[PDB]
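We begin with a single chain expressed as structure tokens, specifically the form deposited in one PDB entry.
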């Protein structure tokens, strides 16, 4: 089961330091669970700009989530989600970076709010896309709906809403069962 999975995680100024750390720990939890499988991983932080923290070929070389994320620094700027998702589609899923032609493409987006930019994500639409929206900005059904445009269909499966960043641990507990 070859899966190329990318974490696209929010580094905007609205995240508290401990919240940003909980995202990193969540990504490590998932990668450790899937060590020695046919999964490959890449990770991109987005805020105003988009930084690839590691590509698939970095993961293949190291297979060490702690080492791969050791130097991540919280950008503390905007939340340009449209640009970020397009970036993943065109700049991360590439064979030259270790992506596999035969693999199933998965994108896991983690964010605390609405995009600050605009456009479309059509270039990424064939990727299986989950989005995890966390915190006070997604308490109403109306506010939760703003995330649907980024995720695969139906939203009932592919959009996860969490009350706090502490619930990422609980989400992992549930996800790990699906392995």
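Residue numbers count along the first chain shown, from 1.
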Comparing 113-121 with 33-41, the higher average Cα temperature factor in the PDB entry belongs to 33-41
Going by the mean C-alpha B-factor recorded in the entry, which is higher: 128-136 or 143-151?
143-151
Relative C-alpha B-factor of residue 106, binned into the chain's lowest, middle or highest third:
lowest
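If you look for the form deposited with a partner chain bound, you will not find it shown, but the lines that follow are about it.
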Is residue 15 close enough to touch the partner chain in the deposited complex, meaning at least one heavy atom pair within 4.5 Å?
yes
Contact of residue 73 with the partner chain in the deposited complex (heavy atom, 4.5 Å)
yes
Although the partner isn't part of this model, could you tell me whether residue 77 comes within 4.5 Å of the partner chain in the deposited complex, counting any heavy atom of the residue?
yes
